[PDB]
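how would this look folded up:
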Amino acid sequence: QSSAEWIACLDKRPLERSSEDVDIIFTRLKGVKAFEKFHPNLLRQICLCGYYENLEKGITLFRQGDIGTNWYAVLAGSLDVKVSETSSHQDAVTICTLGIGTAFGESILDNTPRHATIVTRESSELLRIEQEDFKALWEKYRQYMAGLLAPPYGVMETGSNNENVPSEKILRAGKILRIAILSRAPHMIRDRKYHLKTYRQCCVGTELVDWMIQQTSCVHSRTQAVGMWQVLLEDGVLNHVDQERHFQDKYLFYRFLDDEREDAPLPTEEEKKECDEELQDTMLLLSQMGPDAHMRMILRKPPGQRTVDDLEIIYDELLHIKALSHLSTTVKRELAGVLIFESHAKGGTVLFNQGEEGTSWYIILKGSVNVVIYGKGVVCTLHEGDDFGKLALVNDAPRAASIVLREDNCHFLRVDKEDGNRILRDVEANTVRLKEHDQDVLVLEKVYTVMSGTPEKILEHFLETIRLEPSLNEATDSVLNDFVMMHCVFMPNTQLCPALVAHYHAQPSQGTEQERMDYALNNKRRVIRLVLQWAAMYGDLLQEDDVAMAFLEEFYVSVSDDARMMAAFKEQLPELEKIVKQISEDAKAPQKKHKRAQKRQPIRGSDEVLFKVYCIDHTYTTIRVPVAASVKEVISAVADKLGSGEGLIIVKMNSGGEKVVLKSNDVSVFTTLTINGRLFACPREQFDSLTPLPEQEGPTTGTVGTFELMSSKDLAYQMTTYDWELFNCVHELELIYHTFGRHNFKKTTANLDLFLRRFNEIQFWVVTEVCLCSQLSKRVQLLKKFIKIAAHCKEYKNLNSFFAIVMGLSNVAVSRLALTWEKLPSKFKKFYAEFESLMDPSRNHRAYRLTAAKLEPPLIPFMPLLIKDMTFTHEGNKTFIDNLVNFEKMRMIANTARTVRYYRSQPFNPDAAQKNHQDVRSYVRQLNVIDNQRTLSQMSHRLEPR
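Numbers count the residues shown, from 1 in each chain. Please find the structure below.
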């Protein structure tokens, strides 16, 4: 089912409610900061009457002065709060920003005209509660809302005015760890001598670092270790014998709180078992809290006194602070050096007063504040993640508001006006902006770096910066790569090729007739240089783009006709003309089949396929059409052989019986089906009697008997070679097309399609075998078997199949088998737990980033994740900016494609011994699975009811 289906429920009108509709939504809503203190009954009530709003950037929900009609909670995005001190909304200024989890609008409780104009700052998702529903929830649950709502509706301060440093989970965490140490490395805690004085039962920093690195795979560096221990030290569960505020990887003594009492009792066998079961989850917990605890520690160093390392640690965390999201990478790297960290102990502290001089911009790291405006009162309340006082960075105007802390122990980041402006200027000092008609036409940063422009202008910069020195030959290929790769986005060949023809013949704009003699020569050599790097990118794909080939043809002429010649440059061009003259000259697609043991070969759109298209009566006609055939072309080929009347539709149908009518303009539909998906052609008349085939149902009997006689390392090995074949069949540009929309470029992504499909194919392979293994003793053997298969995959640096398997073993159908997991040897409970941790999405799948980075090609990446990166970057950044191609976006997406190149820049071939029989190869490459979840789930409930 859809990850986010709760939204579909918020759609369903209130009166048409369903218990599950509420169960689902509630499961989602419970995770909002403005619902935390909410009694379950309240949250349900909200679920029953709560509307959903998906607003676009720049929408105003209401203006200062209007009558308010709803109360809101932000699920995603952010909004600006603007207030005017006059009767003109043009004078309104932004005082603060509200992000996820924050709520506003409660002034409707007593019918007070809106204090402020609120505007979405970006695409936002809100929960909307109509006045009458809210007045009702408030009278009923007022006591549960006093902490959330601004006065007079709730209390002002929720701080000390009607507890120590340790918290519950961290006090716990410190206990687990001390128990593991005492158990695993007793020597680590003991009396230690240093200059006559002896420090009782304590540890050494470097040593705790050493140990944490040994005990778990989620820790990749001593620096990361430091952050993780600093979690316990700031919280005071692990203390430096001399009370330093920060943990250090040094020869310094620290003591566990438990060892603070002379007679600290040894661990009980129960505690050790209890610890042994929690160590992994404790470590994962600390890995997630560790980055920001480290940022805070380093940040306590004055801006001027921060080292390169300090700044990196700070920089890395900023990337995960919403408030800083819209800032550039450069400004963020600049901020690391000026950001001040500021904390306050007591609620009620006045951070600043309305009317005072505007000094700083604040971002709330911990706690909350009240926004106060004289005359109006508390206008809104802000929480962690929100920011305020940004007016101070615009002009020299006075505070339009007062900020008082709403609770004790608030943390903020603070940027002072002075530093903020230096950064803004220094950013122009490293900028270079060529203006044409009195506006930017090209922008760049000192190495230089293109940022934006038009296709024509961006093209000349790349031609113009080319270096024809054979020494910079590689360095030149480098700079041109982003352009040759991404150009299809903002400048297709239909516009590029002609533009290159022009540049080649164009007459030099400066110089003597003789000087120009030379100029035109270089320009020509440069244009040829770019064409070559251009042909290199497309490579084999050239023979799909009729234009591109036509161009080269006429372009090879121009290069020849020259009386004098570019000796050491031309030869390469004819090579391409001949190869496009040769391999293009053939009457073989080659005809491809799909319904032994082939070594995968790249599939091309122009390649013809023999494909089965089924009919209502489950008969089928085999048509022979190009891979890139359109739906219309397919219908025509079918309607012809069958003589089928007017009105045939083509329909995708998955094992689930689900049916999608395909559009006539759709291309390459063969590779975009589900694992067991089939393709049908029938009359729209009898669209309803269309039913899946018996074969799509999936296998009925397991296959455990077969591959249990196969070693985990042989299956893995054979899975990896196969994976490599699929992986290497993917042209780097297929990634580009996919990210931007295959339908656009009218080219295929068949190879990428098959490879991504392969991922899903593997994970359903796991869920299938498990669910088709009725015996309880023989499933436990599979978990061991799949876990070992994964292990060998990761060992082979095939992260692709590794994650596929792990995601299979995480499938609800497999996860719910409580009885089956519990009887698994603790050894494999450990491996698997470590496996899930690499799939942690926190900080943008950092766990995975670090794991892969610490490896050397050949390597198969976690490809679906890698696809999301591109999709993400695409949607979170505009291609065009004021009618100018956003080239930094281009580069960011090229970043990913290039990472693929690197991953497959070394051949794959481990120890000679795989030799291995073709039997395991056959199995691995001929998987037959159940891809119907509803099915797999039902089975799961027929092996272990509940």
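
going forward, measure contacts between C-alpha atoms and count neighbours the same way
Fine.

all strands of the stretch 501-650 of the chain, in order?
Ranges of strands in the stretch 501-650 of the chain, per DSSP state E, counting those that start in this stretch, are 592-593, 608-614, 620-626, 648-653.

likewise for the stretch 651-800 of the chain?
659-661, 678-683.

that older thread, what's the most buried one of the strands of the stretch 501-650 of the chain?
With neighbours taken as mean count of other Cα atoms under 10 Å, these reach their highest mean count in strand 648-653, at a mean of 22.

return the residues in contact with residue 74.
Counting by Cα atoms under 8 Å, 6 or more residues apart in numbering, residue 74 touches 99, 100, 101, 102, 103, 124, 125, 126, 127.

just the ones of those in strands?
Among the contacts of residue 74, the members found in strands (DSSP state E) are 99, 103, 124, 125, 126, 127.

now the strands of the stretch 501-650 of the chain as a markdown table including distance to residue 843?
Shown next, in a markdown table, are the strands of the stretch 501-650 of the chain (distance: least, Cα to Cα, whole Å):
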| stretch | distance to residue 843 |
| --- | --- |
| strand 592-593 | 43 |
| strand 608-614 | 43 |
| strand 620-626 | 43 |
| strand 648-653 | 37 |
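
where do the helices sit along the stretch 401-550 of the chain?
Under the criterion DSSP state H, counting those that start in this stretch, the stretch 401-550 of the chain contains helices at 417-429, 455-465, 473-490, 493-505, 513-538, 546-561.

tell me which of those sits nearest to residue 707.
Comparison of the helices of the stretch 401-550 of the chain against residue 707 by Cα to Cα identifies helix 513-538 as nearest, at 41.0 Å.

among the strands of the stretch 501-650 of the chain, which comes closest to residue 186?
Closest approach to residue 186 among the strands of the stretch 501-650 of the chain (Cα to Cα): strand 648-653, 61.6 Å.

what are the pairing partners of that closest one, and which direction each?
strand 659-661 (antiparallel), strand 678-683 (antiparallel) (DSSP bridges).

starting at the chain centroid, how far to the last one?
Centre-to-centre, strand 678-683 and its host chain are 36 Å apart (Cα atoms, centre = their mean, to the nearest Å).

next one: the shortest one
Taking the mean C-alpha point of strand 659-661 and that of its whole chain, the gap between them comes to 30 Å (Cα atoms, centre = their mean).

also stretch 918-935?
Distance of stretch 918-935 from its chain centroid, counting by Cα atoms, centre = their mean, is 29 Å.

and for stretch 499-519?
The answer for stretch 499-519 is 47 Å, by Cα atoms, centre = their mean.

same question for that stretch: list its buried residues.
Buried residues in stretch 499-519, counted by 16 or more other Cα atoms under 10 Å: 499, 500, 503, 504, 508, 519.

from those residues, pick the one nearest residue 468.
Closest to residue 468, out of all of the buried residues of stretch 499-519 and judged by Cα to Cα, is residue 519, at 13.2 Å.

okay, domains of this structure per the record?
Residue ranges for the domains of the chain, per curated CATH domains: 1-162, 163-267, 268-446, 447-590, 591-694, 695-946.

just checking, residue 836 touches residue 808?
No - with contact defined as Cα atoms under 8 Å, residue 836 does not reach residue 808; the gap is 11.1 Å.

tell me which of these two has more neighbours.
Neighbours per residue, other Cα atoms under 10 Å: of residue 836 and residue 808, the larger number sits with residue 808, 24 against 14.

now the more buried one. Nearest residue, chain neighbours left out?
Leaving out its chain neighbours, the residue that sits closest to residue 808 by Cα to Cα, 6 or more residues apart in numbering is residue 763, at 4.3 Å.

pretty sure residue 144 is touching residue 38, no?
Yes - applying Cα under 8 Å as the test, residue 144 and residue 38 come out as touching, 6.0 Å apart.

give the burial count for residue 664, as a bare number.
Neighbour number of residue 664 under other Cα under 10 Å is 14.

same question, residue 269
A count of nearby residues for residue 269, using other Cα under 10 Å, gives 10.

next one: it from residue 826, what distance?
16 Å (Cα to Cα, to the nearest Å).

what of residue 430?
Separation of residue 430 from residue 826 (Cα to Cα): 57 Å.

what do you get for residue 113?
Residue 113 is 62 Å from residue 826, where distance means Cα to Cα.

could you flag which of the ones in strands among the contacts of residue 74 are buried?
99, 103, 124, 125, 126, 127.

next up, the contacts around the first one.
Put plainly, it is residue 99. Per Cα under 8 Å, 6+ apart, neighbours of residue 99: 74, 76, 77, 78, 79, 385, 386.

cool, and the third one?
Under the criterion of Cα under 8 Å, 6+ apart, the contact list for residue 124 reads 53, 54, 55, 56, 57, 74, 75, 76, 77, 78, 79.
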